[PDB]
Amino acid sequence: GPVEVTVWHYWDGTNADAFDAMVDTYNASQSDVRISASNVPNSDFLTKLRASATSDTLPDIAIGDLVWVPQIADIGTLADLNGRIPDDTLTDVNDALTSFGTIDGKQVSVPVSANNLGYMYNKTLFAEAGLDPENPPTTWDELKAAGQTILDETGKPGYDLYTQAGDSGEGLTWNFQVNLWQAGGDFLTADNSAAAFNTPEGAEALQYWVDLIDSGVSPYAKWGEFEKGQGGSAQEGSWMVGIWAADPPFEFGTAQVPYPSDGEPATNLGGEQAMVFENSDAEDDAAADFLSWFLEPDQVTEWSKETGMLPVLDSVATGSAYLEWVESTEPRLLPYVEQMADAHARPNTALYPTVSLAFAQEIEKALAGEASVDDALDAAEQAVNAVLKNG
């Protein structure tokens, strides 16, 4: 009988139905491996893995959020996927995501879905303000000026900023990182040992946020006005194209995230990564056989099409097949697809969640008007370095 391989994931809905259909397809396509997939709730997933390490009942495959990988790598020994998944598959996978998935030299994760942040806007409100509803802003200066027009002409915020840290800080941090990278900035140093953002580039990105808030274009603590149909625009994840293209709350448009004339295009990557917990070389190779099949172009194309998630393979994101389909079926996803070339991943440190909250709490003081841009970047660097240095 087949090698039995367990997969834990947190997908629900369409995504879980799609994944179960692909498991069925793989299971019926050969007799050497049988995949048994289970849903574990997103909020329960890490705590289940910690208990499972203690009870020696870890799954063979875990599929987790990007920022979980480094934490999971400390819960249980992860197999190296290099030499298990075909070299040409791993080369094709988005480089930011294979780099992210490299811990102690081993390819301990591979992405199996992707998403990124984009610019979404309300065409009806743009038109009401006297803007061209088909011509979104392309630069920071264009966004500030178009947002100012929306505020001046309609009394509504031109652009939402994610300005409150909340429980994790990640809404603020991961929206800010986009603009830090577009300014030519870095978040941590290349070895994740220290902050790298307390720079002219960092101050350019934070001064952008503070200028938007100070003008009233992006009020402090007013996230979600855009989503209510009461706001010009917002950074939104690619998953929103799918949620809205079905039952839209208003006529929305999408674009590349506006970037500074003195800078470069950038965005931030989300999505799910697969990890194989090390057992025997036979069992690791059984698990990696399923992941190899899952990462072939035909699977990645059909999976992306049906879930609205962005493909993890460069060859699919840039392929005529997939692009023609996006143009025919979900054309507002195209800017998100094109951004896969410029997208960055967060740093692969196991302290990232603590780093991100320490960062977000200090930066929020500048957004709230309680600190200067220079003092908040100094404070954020102190908080982050204390978290990184002291472990």
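Counting begins at 1, following the sequence as shown.
In this entry, 185-193 shows the higher mean Cα temperature factor of the pair 185-193 and 270-278. For the two regions 325-333 and 58-66, the entry's Cα B-factors average higher over 325-333. Considering 175, 94, 261, 109 together, the PDB entry gives 261 the largest C-alpha B factor. The maximum CA B-factor among the listed residues 76, 237, 232, 202, taken from the PDB record, is found at 76. Per-chain ranking of the deposited C-alpha B factor places residue 312 in the lowest third. Sort the modelled residues of the chain by CA B factor and residue 220 lands in the highest third. When all modelled residues of the chain are sorted by CA temperature factor, residue 80 is found within the lowest third. Per the PDB record, residue ranking by Cα B-factor puts residue 207 in the lowest third of the chain. Ranked within its chain, residue 348 lands in the lowest third, by CA B factor from the PDB record.
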